[PDB]
$ cat my_file.txt   # compact mmCIF, C-alpha atoms
# COMPACT_ATOMS: atom_id res chain seq x y z
CA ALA A 32 89.88 115.20 65.16
CA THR A 33 87.20 116.38 67.55
CA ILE A 34 88.76 117.77 70.73
CA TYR A 35 86.88 117.11 74.03
CA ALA A 36 87.32 119.37 77.05
CA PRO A 37 85.37 118.53 80.15
CA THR A 38 84.54 121.17 82.70
CA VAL A 39 84.98 120.07 86.25
CA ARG A 40 83.62 122.30 88.98
CA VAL A 41 83.81 120.64 92.43
CA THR A 42 81.22 121.66 94.97
CA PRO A 43 82.74 122.36 98.42
CA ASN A 44 81.41 120.05 101.13
CA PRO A 45 80.28 121.66 104.41
CA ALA A 46 81.79 118.85 106.38
CA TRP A 47 85.32 119.21 105.08
CA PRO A 48 87.63 120.62 107.74
CA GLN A 49 88.94 124.12 107.15
CA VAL A 50 92.67 123.55 107.52
CA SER A 51 95.87 125.59 107.77
CA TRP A 52 98.59 123.13 106.65
CA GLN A 53 99.91 123.46 103.10
CA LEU A 54 99.48 121.12 100.20
CA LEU A 55 101.71 120.23 97.34
CA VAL A 56 99.87 118.36 94.56
CA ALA A 57 102.38 116.24 92.64
CA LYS A 58 102.24 115.37 88.92
CA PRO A 59 100.09 112.23 88.61
CA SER A 60 102.00 109.28 87.29
CA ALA A 61 100.77 106.80 84.65
CA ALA A 62 101.60 104.55 81.70
CA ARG A 63 102.18 106.45 78.42
CA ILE A 64 98.91 105.09 77.08
CA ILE A 65 96.91 106.95 79.81
CA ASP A 66 99.16 109.96 79.72
CA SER A 67 98.35 110.80 76.13
CA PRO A 68 95.71 113.16 74.78
CA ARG A 69 94.16 110.05 73.22
CA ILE A 70 91.02 108.47 74.57
CA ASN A 71 91.25 104.88 75.66
CA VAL A 72 88.54 102.36 75.07
CA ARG A 73 88.39 98.69 76.14
CA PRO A 74 85.90 97.12 73.72
CA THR A 75 86.61 93.66 75.22
CA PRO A 76 88.14 92.83 78.56
CA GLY A 77 91.77 91.98 77.69
CA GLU A 78 92.21 94.77 75.13
CA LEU A 79 92.82 98.52 74.58
CA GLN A 80 92.02 100.65 71.50
CA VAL A 81 91.71 104.47 71.04
CA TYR A 82 88.69 106.29 69.68
CA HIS A 83 89.60 107.43 66.19
CA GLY A 84 89.08 111.12 65.40
CA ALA A 85 88.56 112.04 69.04
CA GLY A 86 91.05 113.31 71.65
CA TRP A 87 91.44 115.25 74.92
CA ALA A 88 92.46 118.99 75.15
CA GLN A 89 95.09 117.99 77.75
CA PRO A 90 96.62 114.61 78.54
CA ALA A 91 94.55 112.71 81.08
CA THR A 92 96.98 113.11 83.98
CA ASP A 93 96.97 116.88 83.38
CA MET A 94 93.10 117.05 83.33
CA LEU A 95 93.40 115.20 86.63
CA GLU A 96 96.16 117.45 87.95
CA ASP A 97 94.10 120.53 87.04
CA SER A 98 90.83 119.22 88.50
CA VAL A 99 92.37 118.35 91.77
CA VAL A 100 94.25 121.62 92.28
CA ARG A 101 91.35 123.71 91.04
CA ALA A 102 88.96 121.87 93.38
CA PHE A 103 91.29 122.57 96.36
CA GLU A 104 91.45 126.22 95.23
CA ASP A 105 87.70 126.57 94.87
CA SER A 106 86.86 124.80 98.12
CA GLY A 107 87.52 127.57 100.61
CA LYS A 108 88.94 124.86 102.89
CA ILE A 109 92.68 125.30 102.22
CA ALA A 110 94.57 128.51 101.59
CA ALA A 111 97.77 126.87 100.34
CA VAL A 112 97.76 124.43 97.43
CA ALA A 113 100.48 124.39 94.86
CA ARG A 114 102.06 122.41 92.02
CA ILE A 115 105.76 122.42 91.25
CA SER A 121 104.68 122.73 102.13
CA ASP A 122 103.47 120.35 104.98
CA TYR A 123 101.80 117.52 102.94
CA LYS A 124 102.29 116.11 99.45
CA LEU A 125 99.40 114.51 97.45
CA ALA A 126 100.70 111.91 95.02
CA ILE A 127 98.34 110.24 92.52
CA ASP A 128 99.10 107.17 90.42
CA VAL A 129 96.50 106.72 87.63
CA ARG A 130 95.70 103.06 86.82
CA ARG A 131 92.79 103.25 84.39
CA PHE A 132 91.48 106.15 82.33
CA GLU A 133 89.20 104.49 79.79
CA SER A 134 85.85 103.99 78.16
CA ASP A 135 85.03 100.49 79.44
CA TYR A 136 82.40 98.36 77.74
CA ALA A 137 82.63 95.72 80.50
CA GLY A 138 80.65 93.20 78.34
CA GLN A 139 77.75 95.66 78.13
CA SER A 140 76.13 97.32 75.20
CA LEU A 141 77.14 100.84 76.36
CA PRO A 142 80.53 101.60 77.96
CA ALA A 143 81.36 103.27 81.29
CA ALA A 144 83.86 106.13 81.62
CA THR A 145 86.20 104.66 84.16
CA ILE A 146 88.88 106.20 86.30
CA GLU A 147 90.87 104.13 88.71
CA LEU A 148 93.67 105.76 90.71
CA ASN A 149 95.72 105.57 93.96
CA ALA A 150 96.53 108.56 96.17
CA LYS A 151 99.19 108.68 98.77
CA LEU A 152 99.33 111.53 101.21
CA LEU A 153 102.88 112.04 102.52
CA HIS A 154 104.13 114.22 105.34
CA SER A 155 106.89 116.17 103.53
CA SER A 156 109.29 116.11 106.53
CA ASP A 157 109.71 112.43 107.35
CA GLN A 158 108.76 111.29 103.84
CA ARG A 159 106.15 109.55 105.96
CA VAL A 160 103.19 107.83 104.41
CA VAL A 161 100.15 109.21 106.18
CA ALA A 162 97.68 107.01 104.25
CA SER A 163 96.90 105.59 100.85
CA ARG A 164 93.62 104.85 99.11
CA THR A 165 92.39 103.43 95.82
CA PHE A 166 89.49 105.32 94.22
CA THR A 167 87.49 103.74 91.37
CA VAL A 168 84.70 105.54 89.60
CA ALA A 169 82.63 104.24 86.64
CA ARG A 170 79.83 106.26 85.08
CA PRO A 171 77.63 104.77 82.35
CA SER A 172 77.58 106.68 79.11
CA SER A 173 74.25 107.13 77.39
CA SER A 174 75.30 106.24 73.85
CA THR A 175 78.40 104.92 72.07
CA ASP A 176 79.28 108.26 70.32
CA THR A 177 82.47 109.83 71.65
CA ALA A 178 80.46 112.94 72.74
CA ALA A 179 78.39 110.75 75.11
CA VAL A 180 81.60 109.14 76.35
CA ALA A 181 83.25 112.49 77.08
CA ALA A 182 80.15 113.62 78.95
CA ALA A 183 80.45 110.52 81.11
CA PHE A 184 84.13 111.30 81.68
CA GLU A 185 83.20 114.74 83.01
CA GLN A 186 80.91 112.98 85.50
CA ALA A 187 83.70 110.48 86.51
CA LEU A 188 86.27 113.23 86.75
CA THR A 189 83.99 115.34 88.89
CA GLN A 190 83.13 112.43 91.22
CA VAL A 191 86.74 111.10 91.72
CA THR A 192 88.11 114.63 92.28
CA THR A 193 85.37 115.20 94.90
CA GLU A 194 86.39 112.01 96.66
CA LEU A 195 90.07 112.98 96.51
CA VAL A 196 89.79 116.45 97.82
CA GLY A 197 87.63 115.38 100.75
CA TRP A 198 89.87 112.51 101.67
CA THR A 199 92.96 114.69 101.46
CA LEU A 200 91.54 117.35 103.74
CA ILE A 201 90.15 114.87 106.27
CA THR A 202 93.14 112.53 106.31
CA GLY A 203 95.55 115.47 106.36
CA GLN A 204 93.71 117.06 109.24
CA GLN A 205 93.53 113.89 111.35
CA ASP A 206 97.26 113.49 110.90
CA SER A 207 97.99 117.12 111.65
CA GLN A 208 96.26 116.87 115.02
CA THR A 209 98.81 114.30 116.32
$ encode --input "my_file.txt" --output "structure tokens"
Amino acid sequence: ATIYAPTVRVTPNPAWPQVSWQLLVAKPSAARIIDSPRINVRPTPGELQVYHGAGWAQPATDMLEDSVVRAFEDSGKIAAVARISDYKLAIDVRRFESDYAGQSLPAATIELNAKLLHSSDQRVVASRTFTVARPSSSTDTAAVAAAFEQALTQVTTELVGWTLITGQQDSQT
């Protein structure tokens, strides 16, 4: 089995507020099929398979849990991020798959929902669905994994920025 391990470095955005509240990143939740080290593929729309002889170094929720927390760490925008505090970031992962979408070449696809909660009231600050699809350049699993690095990097960038901004607009009230 070839083992893929994407490298996700998230570039800090100059327009993200520098904050001083504290962030707990929860374990992402997901169906067992996503939360495996196996790599999902949807060769036709109603159907899931796994690439044979390919897998992920970590389960997909953990790659996602590490990207998110590492990107908060590396941002310079927030001094306090932790795993298992003022806010809690909870992610539910809906799709983590190589999606052919009736095309010749598939798209690495991540769809997920984040809630930001205010730890005190167990108060939903906001919620948002993020979908990212990045076309792969061939059908070999190596091309697919490369696309997944791109999708991971892009969704994590959208998460971090939305967490900081949403958190900060809530904190100011």
$ atom_distance --input "my_file.txt" --atom1 "CA of residue 95 (chain A)" --atom2 "CA of residue 142 (chain A)"
20.6 Å
$ closest_residue --input "my_file.txt" --among "A:144, A:104, A:181, A:73" --to "residue 88 (chain A)" --atoms "all atoms listed in the file"
A:181
$ closest_residue --input "my_file.txt" --among "A:99, A:67, A:197, A:122" --to "residue 158 (chain A)" --atoms "all atoms listed in the file"
A:122
$ residues_near_point --input "my_file.txt" --point "(100.1, 104.8, 85.5)" --cutoff "8 Å" --atoms "only C-alpha atoms" --output "JSON, numbers by chain"
{"A": [60, 61, 62, 63, 65, 66, 128, 129, 130, 131]}
$ residues_around --input "my_file.txt" --residues "residue 52 (chain A)" --least-positions-apart "6" --cutoff "9 Å" --atoms "all atoms listed in the file" --output "number ranges by chain"
A: 109-111, 121-123, 203-204, 207
$ closest_residue --input "my_file.txt" --among "A:113, A:201, A:79, A:141" --to "residue 96 (chain A)" --atoms "all atoms listed in the file"
A:113
$ closest_residue --input "my_file.txt" --among "A:166, A:57, A:209, A:177" --to "residue 190 (chain A)" --atoms "only C-alpha atoms"
A:166
$ residues_around --input "my_file.txt" --residues "residue 140 (chain A)" --least-positions-apart "4" --cutoff "12 Å" --atoms "only C-alpha atoms" --output "ChimeraX atom specification"
/A:74-75,135-136,171-175
